[PDB]
>>> print(open('target-v6.txt').read())   # compact mmCIF, C-alpha atoms and all ligand atoms
# COMPACT_ATOMS: atom_id res chain seq x y z
CA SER A 57 38.08 116.28 -45.95
CA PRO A 58 40.63 114.55 -48.24
CA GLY A 59 38.38 115.34 -51.26
CA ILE A 60 37.49 119.01 -50.54
CA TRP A 61 38.82 121.77 -52.80
CA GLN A 62 38.23 125.55 -52.92
CA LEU A 63 38.27 127.70 -56.04
CA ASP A 64 39.90 131.11 -55.88
CA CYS A 65 40.20 133.79 -58.55
CA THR A 66 42.73 136.65 -58.39
CA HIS A 67 43.93 139.33 -60.81
CA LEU A 68 47.34 140.41 -62.13
CA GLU A 69 48.61 142.28 -65.22
CA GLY A 70 45.09 142.74 -66.61
CA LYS A 71 44.65 138.96 -66.49
CA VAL A 72 42.94 136.37 -64.33
CA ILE A 73 44.65 133.67 -62.28
CA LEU A 74 42.35 130.77 -61.40
CA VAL A 75 43.47 128.72 -58.40
CA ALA A 76 42.22 125.52 -56.78
CA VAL A 77 43.28 124.91 -53.18
CA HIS A 78 43.20 121.54 -51.46
CA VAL A 79 41.81 122.77 -48.14
CA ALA A 80 43.33 120.21 -45.75
CA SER A 81 46.90 120.61 -47.13
CA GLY A 82 47.24 124.04 -48.80
CA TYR A 83 48.36 122.32 -52.04
CA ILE A 84 47.44 124.28 -55.20
CA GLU A 85 46.97 124.11 -58.95
CA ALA A 86 46.59 127.27 -61.01
CA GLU A 87 46.18 128.64 -64.54
CA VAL A 88 46.20 132.01 -66.31
CA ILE A 89 43.01 132.75 -68.31
CA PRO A 90 41.86 135.86 -70.25
CA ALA A 91 38.70 136.15 -68.14
CA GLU A 92 36.82 134.01 -65.60
CA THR A 93 34.01 132.38 -67.57
CA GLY A 94 31.88 129.31 -66.89
CA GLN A 95 33.67 127.66 -69.83
CA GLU A 96 37.19 128.32 -68.46
CA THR A 97 36.13 127.23 -64.97
CA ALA A 98 34.53 124.02 -66.27
CA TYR A 99 37.63 123.04 -68.27
CA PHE A 100 39.92 123.77 -65.28
CA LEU A 101 37.79 121.61 -62.94
CA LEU A 102 37.83 118.73 -65.44
CA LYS A 103 41.65 118.90 -65.53
CA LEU A 104 41.90 118.99 -61.72
CA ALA A 105 39.49 116.08 -61.14
CA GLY A 106 41.34 113.86 -63.65
CA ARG A 107 44.52 114.44 -61.64
CA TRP A 108 43.39 114.33 -57.95
CA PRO A 109 40.34 112.69 -56.28
CA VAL A 110 38.08 115.76 -56.17
CA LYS A 111 34.88 115.01 -54.21
CA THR A 112 33.70 118.49 -53.30
CA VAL A 113 34.41 121.91 -54.80
CA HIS A 114 33.59 125.17 -53.06
CA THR A 115 33.05 127.50 -55.99
CA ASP A 116 34.59 131.01 -55.82
CA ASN A 117 31.49 133.07 -56.65
CA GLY A 118 27.79 132.87 -57.41
CA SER A 119 28.25 133.07 -61.20
CA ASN A 120 30.35 129.89 -61.32
CA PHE A 121 27.97 128.27 -58.82
CA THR A 122 25.08 129.13 -61.18
CA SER A 123 26.81 128.41 -64.52
CA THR A 124 25.24 125.47 -66.35
CA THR A 125 28.57 124.68 -68.06
CA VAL A 126 30.23 124.45 -64.62
CA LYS A 127 27.38 122.22 -63.34
CA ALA A 128 27.83 120.00 -66.42
CA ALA A 129 31.55 119.59 -65.66
CA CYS A 130 30.88 118.80 -61.99
CA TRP A 131 28.27 116.27 -63.06
CA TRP A 132 30.66 114.75 -65.61
CA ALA A 133 33.57 114.47 -63.17
CA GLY A 134 31.48 113.29 -60.21
CA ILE A 135 32.06 116.50 -58.24
CA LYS A 136 29.68 117.82 -55.60
CA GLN A 137 29.45 121.53 -56.38
CA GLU A 138 28.98 123.63 -53.26
CA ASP A 139 28.93 127.33 -52.52
CA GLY A 140 32.05 128.95 -51.02
CA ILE A 141 30.38 130.97 -48.25
CA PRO A 142 32.98 131.29 -45.47
CA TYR A 143 30.74 130.10 -42.61
CA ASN A 144 34.11 129.81 -40.91
CA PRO A 145 35.38 133.41 -41.20
CA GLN A 146 39.07 132.38 -41.13
CA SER A 147 38.63 131.05 -44.71
CA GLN A 148 38.55 134.58 -46.19
CA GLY A 149 41.78 135.48 -44.40
CA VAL A 150 43.53 132.28 -45.47
CA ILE A 151 42.55 132.87 -49.13
CA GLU A 152 43.53 136.57 -49.03
CA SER A 153 46.85 135.61 -47.47
CA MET A 154 47.53 132.94 -50.10
CA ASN A 155 46.78 135.38 -52.95
CA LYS A 156 49.30 137.88 -51.53
CA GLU A 157 51.92 135.12 -51.12
CA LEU A 158 51.38 133.93 -54.72
CA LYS A 159 51.66 137.45 -56.17
CA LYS A 160 54.84 137.96 -54.15
CA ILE A 161 56.41 134.78 -55.60
CA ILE A 162 55.25 135.79 -59.09
CA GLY A 163 57.05 139.14 -58.63
CA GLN A 164 60.19 137.34 -57.43
CA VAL A 165 60.31 135.14 -60.61
CA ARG A 166 58.62 137.46 -63.11
CA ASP A 167 61.84 138.49 -64.92
CA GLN A 168 62.96 134.85 -65.38
CA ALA A 169 60.00 134.33 -67.73
CA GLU A 170 58.82 136.02 -70.92
CA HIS A 171 55.17 135.12 -70.26
CA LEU A 172 52.94 135.46 -67.20
CA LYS A 173 51.67 131.87 -67.39
CA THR A 174 55.25 130.61 -66.89
CA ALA A 175 55.76 132.79 -63.80
CA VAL A 176 52.47 131.52 -62.34
CA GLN A 177 53.52 127.88 -62.79
CA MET A 178 56.90 128.74 -61.21
CA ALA A 179 54.89 130.09 -58.27
CA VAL A 180 52.78 126.92 -58.07
CA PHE A 181 56.04 124.95 -57.93
CA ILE A 182 57.59 127.09 -55.20
CA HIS A 183 54.38 127.17 -53.12
CA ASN A 184 53.82 123.39 -53.24
CA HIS A 185 57.49 122.54 -52.44
CA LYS A 186 57.92 125.14 -49.65
CA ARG A 187 58.79 123.48 -46.33
CA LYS A 188 56.67 124.98 -43.54
CA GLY A 193 58.26 120.58 -41.36
CA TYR A 194 56.34 119.17 -44.33
CA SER A 195 55.44 120.75 -47.68
CA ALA A 196 51.91 121.15 -49.07
CA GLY A 197 52.80 118.53 -51.71
CA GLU A 198 53.82 116.07 -48.99
CA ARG A 199 50.69 116.76 -46.92
CA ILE A 200 48.23 116.18 -49.80
CA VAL A 201 49.85 112.82 -50.70
CA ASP A 202 49.87 111.72 -47.02
CA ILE A 203 46.24 112.78 -46.42
CA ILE A 204 44.92 110.98 -49.50
CA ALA A 205 47.10 107.89 -48.90
CA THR A 206 45.77 107.46 -45.35
CA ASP A 207 42.22 107.82 -46.68
CA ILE A 208 42.78 105.15 -49.37
CA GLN A 209 43.93 102.63 -46.73
CA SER B 57 61.41 104.89 -58.85
CA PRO B 58 58.78 107.10 -57.17
CA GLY B 59 60.19 110.15 -59.04
CA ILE B 60 60.61 108.68 -62.56
CA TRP B 61 58.42 109.94 -65.42
CA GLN B 62 58.36 109.20 -69.16
CA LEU B 63 57.33 111.63 -71.88
CA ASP B 64 55.25 110.35 -74.76
CA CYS B 65 53.97 112.17 -77.83
CA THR B 66 51.10 110.88 -80.00
CA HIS B 67 49.00 112.34 -82.85
CA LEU B 68 45.27 112.77 -83.47
CA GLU B 69 43.10 115.04 -85.66
CA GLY B 70 46.15 116.81 -87.11
CA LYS B 71 47.21 117.73 -83.58
CA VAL B 72 49.72 116.60 -80.99
CA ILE B 73 48.92 115.05 -77.61
CA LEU B 74 51.79 115.31 -75.13
CA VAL B 75 51.66 112.79 -72.30
CA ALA B 76 53.71 112.25 -69.15
CA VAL B 77 53.53 108.80 -67.58
CA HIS B 78 54.50 108.00 -64.02
CA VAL B 79 56.33 104.75 -64.76
CA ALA B 80 55.76 102.87 -61.48
CA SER B 81 51.96 103.52 -61.42
CA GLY B 82 50.74 104.19 -64.98
CA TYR B 83 49.27 107.54 -63.82
CA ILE B 84 49.20 110.21 -66.56
CA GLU B 85 48.92 113.92 -67.29
CA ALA B 86 48.34 115.14 -70.83
CA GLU B 87 47.80 118.23 -73.00
CA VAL B 88 46.88 119.07 -76.59
CA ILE B 89 49.42 121.30 -78.38
CA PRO B 90 49.63 122.54 -82.02
CA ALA B 91 53.06 120.98 -82.47
CA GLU B 92 55.74 119.41 -80.27
CA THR B 93 58.31 122.16 -79.72
CA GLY B 94 61.00 122.61 -77.07
CA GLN B 95 58.94 125.52 -75.79
CA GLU B 96 55.72 123.50 -75.39
CA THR B 97 57.63 120.61 -73.80
CA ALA B 98 59.43 122.93 -71.35
CA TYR B 99 56.19 124.57 -70.20
CA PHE B 100 54.47 121.16 -69.79
CA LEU B 101 57.35 119.82 -67.66
CA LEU B 102 57.27 122.91 -65.44
CA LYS B 103 53.54 122.35 -64.83
CA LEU B 104 54.07 118.65 -64.04
CA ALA B 105 56.98 119.21 -61.64
CA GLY B 106 55.06 121.86 -59.68
CA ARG B 107 52.28 119.29 -59.14
CA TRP B 108 54.15 115.98 -58.47
CA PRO B 109 57.71 115.28 -57.19
CA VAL B 110 59.41 114.77 -60.56
CA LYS B 111 63.02 113.60 -60.07
CA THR B 112 63.79 112.06 -63.45
CA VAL B 113 62.26 112.52 -66.88
CA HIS B 114 62.87 110.18 -69.79
CA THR B 115 62.40 112.47 -72.77
CA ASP B 116 60.39 111.19 -75.75
CA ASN B 117 62.88 111.95 -78.53
CA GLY B 118 66.32 113.35 -79.28
CA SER B 119 65.07 116.83 -80.19
CA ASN B 120 63.53 117.40 -76.74
CA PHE B 121 66.61 115.81 -75.16
CA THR B 122 68.76 118.31 -77.08
CA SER B 123 66.53 121.40 -76.76
CA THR B 124 68.14 124.13 -74.65
CA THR B 125 64.70 125.41 -73.57
CA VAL B 126 63.85 121.93 -72.28
CA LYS B 127 67.23 121.72 -70.48
CA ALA B 128 66.52 125.14 -68.92
CA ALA B 129 63.14 123.93 -67.59
CA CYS B 130 64.67 120.72 -66.19
CA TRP B 131 67.38 122.79 -64.54
CA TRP B 132 64.80 125.24 -63.15
CA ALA B 133 62.53 122.50 -61.76
CA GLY B 134 65.33 120.30 -60.40
CA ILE B 135 64.68 117.54 -62.94
CA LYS B 136 67.28 115.03 -64.12
CA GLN B 137 66.77 114.93 -67.88
CA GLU B 138 67.51 111.50 -69.32
CA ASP B 139 67.12 109.87 -72.71
CA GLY B 140 64.16 107.53 -73.28
CA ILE B 141 65.99 104.64 -74.94
CA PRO B 142 64.00 101.47 -74.12
CA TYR B 143 66.94 99.41 -72.83
CA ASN B 144 64.09 97.29 -71.51
CA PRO B 145 62.23 96.48 -74.75
CA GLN B 146 58.84 96.07 -73.00
CA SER B 147 58.76 99.89 -72.57
CA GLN B 148 57.95 100.44 -76.27
CA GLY B 149 55.06 97.99 -76.06
CA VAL B 150 53.68 99.53 -72.87
CA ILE B 151 53.78 103.04 -74.43
CA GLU B 152 52.25 101.87 -77.73
CA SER B 153 49.51 100.07 -75.78
CA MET B 154 48.75 103.15 -73.68
CA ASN B 155 48.50 105.36 -76.79
CA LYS B 156 45.95 102.98 -78.35
CA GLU B 157 43.96 102.86 -75.08
CA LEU B 158 43.94 106.68 -74.84
CA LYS B 159 42.80 107.13 -78.47
CA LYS B 160 40.07 104.56 -77.85
CA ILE B 161 38.77 106.50 -74.81
CA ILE B 162 39.00 109.76 -76.77
CA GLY B 163 36.83 108.19 -79.50
CA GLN B 164 34.33 106.98 -76.87
CA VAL B 165 33.92 110.55 -75.44
CA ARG B 166 34.67 112.62 -78.54
CA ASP B 167 31.03 113.57 -79.28
CA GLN B 168 30.42 114.75 -75.67
CA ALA B 169 32.88 117.60 -76.27
CA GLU B 170 33.08 120.42 -78.81
CA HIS B 171 36.90 120.60 -78.56
CA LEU B 172 39.62 117.96 -78.69
CA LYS B 173 41.38 119.25 -75.56
CA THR B 174 38.24 118.51 -73.52
CA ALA B 175 38.04 114.93 -74.83
CA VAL B 176 41.71 114.39 -73.97
CA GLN B 177 41.19 115.57 -70.38
CA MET B 178 38.12 113.30 -70.17
CA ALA B 179 40.44 110.48 -71.24
CA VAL B 180 43.03 111.42 -68.60
CA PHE B 181 40.21 111.27 -66.02
CA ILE B 182 38.93 107.86 -67.15
CA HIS B 183 42.46 106.38 -67.43
CA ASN B 184 43.57 107.54 -63.97
CA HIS B 185 40.35 106.38 -62.23
CA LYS B 186 40.07 103.01 -64.02
CA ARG B 187 40.22 100.09 -61.55
CA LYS B 188 42.54 97.38 -62.96
CA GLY B 193 42.22 96.14 -57.91
CA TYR B 194 43.67 99.65 -57.52
CA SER B 195 43.57 102.62 -59.92
CA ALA B 196 46.64 104.43 -61.33
CA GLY B 197 45.67 107.46 -59.21
CA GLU B 198 45.62 105.31 -56.07
CA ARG B 199 48.96 103.67 -56.92
CA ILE B 200 50.85 106.95 -57.49
CA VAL B 201 49.65 108.40 -54.14
CA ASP B 202 50.56 105.16 -52.29
CA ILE B 203 54.01 104.90 -53.92
CA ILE B 204 54.95 108.49 -53.14
CA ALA B 205 53.47 108.34 -49.61
CA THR B 206 55.55 105.27 -48.72
CA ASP B 207 58.64 107.02 -50.08
CA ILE B 208 57.99 110.17 -47.99
CA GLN B 209 57.83 108.10 -44.79
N1 LIG C 301 28.26 117.42 -79.62
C1 LIG C 301 29.01 118.68 -79.42
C2 LIG C 301 28.44 119.37 -78.21
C3 LIG C 301 29.56 119.62 -77.23
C4 LIG C 301 29.03 120.38 -76.03
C5 LIG C 301 28.42 119.44 -75.03
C6 LIG C 301 28.88 119.87 -73.68
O1 LIG C 301 28.27 120.71 -73.03
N2 LIG C 301 30.03 119.23 -73.27
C7 LIG C 301 30.62 119.58 -72.02
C8 LIG C 301 30.78 118.35 -71.15
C9 LIG C 301 31.94 118.75 -70.35
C10 LIG C 301 32.32 118.17 -69.17
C11 LIG C 301 33.44 118.65 -68.53
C12 LIG C 301 34.14 119.70 -69.08
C13 LIG C 301 33.75 120.27 -70.27
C14 LIG C 301 32.63 119.79 -70.91
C15 LIG C 301 32.00 120.22 -72.19
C16 LIG C 301 31.83 121.71 -72.47
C17 LIG C 301 33.12 122.45 -72.59
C18 LIG C 301 33.42 123.28 -71.52
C19 LIG C 301 34.58 124.02 -71.47
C20 LIG C 301 35.43 123.91 -72.53
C21 LIG C 301 35.15 123.11 -73.59
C22 LIG C 301 34.00 122.35 -73.67
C23 LIG C 301 33.80 121.51 -74.89
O2 LIG C 301 32.62 121.41 -75.33
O3 LIG C 301 34.81 120.96 -75.43
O4 LIG C 301 36.13 123.15 -74.54
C24 LIG C 301 37.11 123.94 -73.84
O5 LIG C 301 36.61 124.57 -72.66
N1 LIG C 302 62.34 138.44 -69.56
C1 LIG C 302 63.70 137.88 -69.72
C2 LIG C 302 63.61 136.39 -69.54
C3 LIG C 302 63.38 135.72 -70.87
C4 LIG C 302 63.02 134.26 -70.66
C5 LIG C 302 64.21 133.52 -70.10
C6 LIG C 302 63.95 132.05 -70.20
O1 LIG C 302 64.46 131.36 -71.07
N2 LIG C 302 63.09 131.60 -69.23
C7 LIG C 302 62.77 130.20 -69.17
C8 LIG C 302 63.02 129.65 -67.78
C9 LIG C 302 61.99 128.60 -67.72
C10 LIG C 302 61.96 127.56 -66.82
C11 LIG C 302 60.93 126.66 -66.90
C12 LIG C 302 59.96 126.80 -67.86
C13 LIG C 302 60.00 127.85 -68.76
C14 LIG C 302 61.04 128.75 -68.69
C15 LIG C 302 61.30 129.96 -69.52
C16 LIG C 302 61.17 129.83 -71.03
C17 LIG C 302 59.77 129.55 -71.49
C18 LIG C 302 59.57 128.27 -71.97
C19 LIG C 302 58.33 127.85 -72.43
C20 LIG C 302 57.31 128.76 -72.39
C21 LIG C 302 57.50 130.03 -71.93
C22 LIG C 302 58.72 130.47 -71.46
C23 LIG C 302 58.80 131.89 -70.98
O2 LIG C 302 59.84 132.54 -71.26
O3 LIG C 302 57.80 132.36 -70.36
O4 LIG C 302 56.35 130.77 -71.98
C24 LIG C 302 55.42 129.76 -72.42
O5 LIG C 302 56.04 128.52 -72.80
>>> encode(input="target-v6.txt", output="structure tokens", more="lines below")
Ligand SMILES: NCCCCCC(=O)N[C@H]1Cc2ccccc2[C@@H]1Cc1ccc2c(c1C(=O)O)OCO2
Ligand SMILES: NCCCCCC(=O)N[C@H]1Cc2ccccc2[C@@H]1Cc1ccc2c(c1C(=O)O)OCO2
Amino acid sequence: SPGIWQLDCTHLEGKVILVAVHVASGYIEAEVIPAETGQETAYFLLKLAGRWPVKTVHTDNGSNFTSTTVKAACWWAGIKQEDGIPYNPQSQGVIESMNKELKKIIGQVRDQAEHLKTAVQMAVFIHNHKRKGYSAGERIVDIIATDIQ
Amino acid sequence: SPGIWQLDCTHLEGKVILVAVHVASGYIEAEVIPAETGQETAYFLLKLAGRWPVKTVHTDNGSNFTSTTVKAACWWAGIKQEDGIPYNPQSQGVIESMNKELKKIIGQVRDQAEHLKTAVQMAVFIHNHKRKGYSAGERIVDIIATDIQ
């Protein structure tokens, strides 16, 4: 559970926002990309796994699950690549909800930034610091720290 | 101490590698950029502060310390922007040493990747996971977790 992440892809302004969610905490990382390709997804996963202890990734769709470039990155980074089938149906709702929340924050900050990528990183910041009371950022650190001990 | 980061800029293949070091743990994040500008530095800091609780940043040079775009990002993200003068002279040696280590890892992986940015993220991965015994990744989580409690 401390090492399980979920990929999520959403769209805004004719562009693609790729998101990784740490399932146990709700903590996220995200990037703007021109289009979701195996190559973009592979590079993003490499970045994530160098920064947090990523054991398992639930991929966001069958194309990324199939992609040989994505498999190569998961192999390289020691990641178990799994499908993202919501056997638990609440998953879909949680993801949907998070996408709406992120787009809302992006809209709230959009005019403070000339470029979309900046607004998206502002949204990552606000989401991870938001007190719900602990924040997502505090929960991920606590979960992993307990696990290390 | 749990919130103190140091910026570091090094060069390779006619390009610039921008690095942020968590001082207490040795944990890093890094990116390849065409040139070190206020704009690139500001965007990088925003990304970092959305991902880890960045309280203080020791900037890597006077230009980034002076840059209004960098000051705007530090303001936005709640970061105390400080100079990076090594009042403790061991700092210079630690930074120099880390840059050599990173370039060595990059050389060891360089042929596994078509692009430099990929090799640099491979190096971030290897550096943060390297058991020295705890890893840098384990130390940063433990330091911040203790602080939260
Ligand atoms: N000898 C030259 C042959 C190089 C290709 C070999 C090969 O498949 N490497 C994988 C291994 C590996 C492992 C993890 C992540 C990326 C990669 C690389 C692929 C790759 C994918 C996406 C990218 C890339 C590159 C890149 O190749 O940099 O660049 C920016 O987005
Ligand atoms: N639309 C009217 C607003 C005009 C921008 C106002 C303004 O200075 N915002 C700062 C606030 C702020 C706060 C933190 C980080 C960036 C920024 C932004 C600057 C900026 C810097 C670097 C970048 C950027 C942009 C960007 O502007 O996206 O994009 C990629 O690297």
>>> closest_residue(input="target-v6.txt", among="A:106, A:149, A:163, A:193", to="ligand LIG 301 (chain C)", atoms="all atoms listed in the file")
A:106
>>> residues_around(input="target-v6.txt", residues="residue 89 (chain A)", least_positions_apart="4", cutoff="9 Å", atoms="only C-alpha atoms", output="ChimeraX atom specification")
/A:71-74,96,173
>>> write_last_selection(input="target-v6.txt", atoms="C-alpha atoms", output="short mmCIF file (atom, residue, chain, number, x, y, z; two decimals), in the frame of the given file")
data_model
loop_
_atom_site.label_atom_id
_atom_site.label_comp_id
_atom_site.auth_asym_id
_atom_site.auth_seq_id
_atom_site.Cartn_x
_atom_site.Cartn_y
_atom_site.Cartn_z
CA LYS A 71 44.65 138.96 -66.49
CA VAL A 72 42.94 136.37 -64.33
CA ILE A 73 44.65 133.67 -62.28
CA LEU A 74 42.35 130.77 -61.40
CA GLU A 96 37.19 128.32 -68.46
CA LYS A 173 51.67 131.87 -67.39
#
>>> residues_around(input="target-v6.txt", residues="residue 171 (chain B)", least_positions_apart="4", cutoff="12 Å", atoms="all atoms listed in the file", output="MDAnalysis selection string")
(chainID A and resid 95 99) or (chainID B and resid 69 71 88 162 165:167 175:178)
>>> closest_atom_pairs(input="target-v6.txt", of="chain B", to="chain A", cutoff="6 Å", atoms="all atoms listed in the file", output="CSV")
residue,atom,partner,partner_atom,distance
B:103,CA,A:177,CA,5.9
B:106,CA,A:181,CA,3.7
B:177,CA,A:103,CA,5.9
B:180,CA,A:106,CA,5.8
B:181,CA,A:106,CA,3.7
B:201,CA,A:201,CA,5.6
B:202,CA,A:205,CA,5.6
B:205,CA,A:202,CA,5.6
>>> closest_residue(input="target-v6.txt", among="B:127, B:91, B:146, B:138", to="residue 70 (chain B)", atoms="all atoms listed in the file")
B:91
>>> closest_residue(input="target-v6.txt", among="A:60, A:128, A:68, A:110", to="ligand LIG 301 (chain C)", atoms="only C-alpha atoms and all ligand atoms")
A:128
>>> atom_distance(input="target-v6.txt", atom1="atom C11 of ligand LIG 302 (chain C)", atom2="CA of residue 137 (chain B)")
13.1 Å
>>> atom_distance(input="target-v6.txt", atom1="atom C6 of ligand LIG 302 (chain C)", atom2="CA of residue 169 (chain A)")
5.2 Å
>>> atom_distance(input="target-v6.txt", atom1="CA of residue 140 (chain B)", atom2="CA of residue 187 (chain B)")
27.7 Å
>>> residues_around(input="target-v6.txt", residues="region 112-121 of chain B", least_positions_apart="6", cutoff="9 Å", atoms="all atoms listed in the file", output="list in words")
residues 57, 59, 60, 61, 62, 63, 64, 65, 76, 92, 93, 94, 97, 98, 101, 127, 130, 134, 135, 136, 137, 138, 139, 140 and 141 of chain B
>>> closest_residue(input="target-v6.txt", among="B:168, B:152, B:188, B:81", to="ligand LIG 301 (chain C)", atoms="all atoms listed in the file")
B:168
>>> closest_residue(input="target-v6.txt", among="A:172, A:158, A:196, A:75", to="ligand LIG 302 (chain C)", atoms="all atoms listed in the file")
A:172
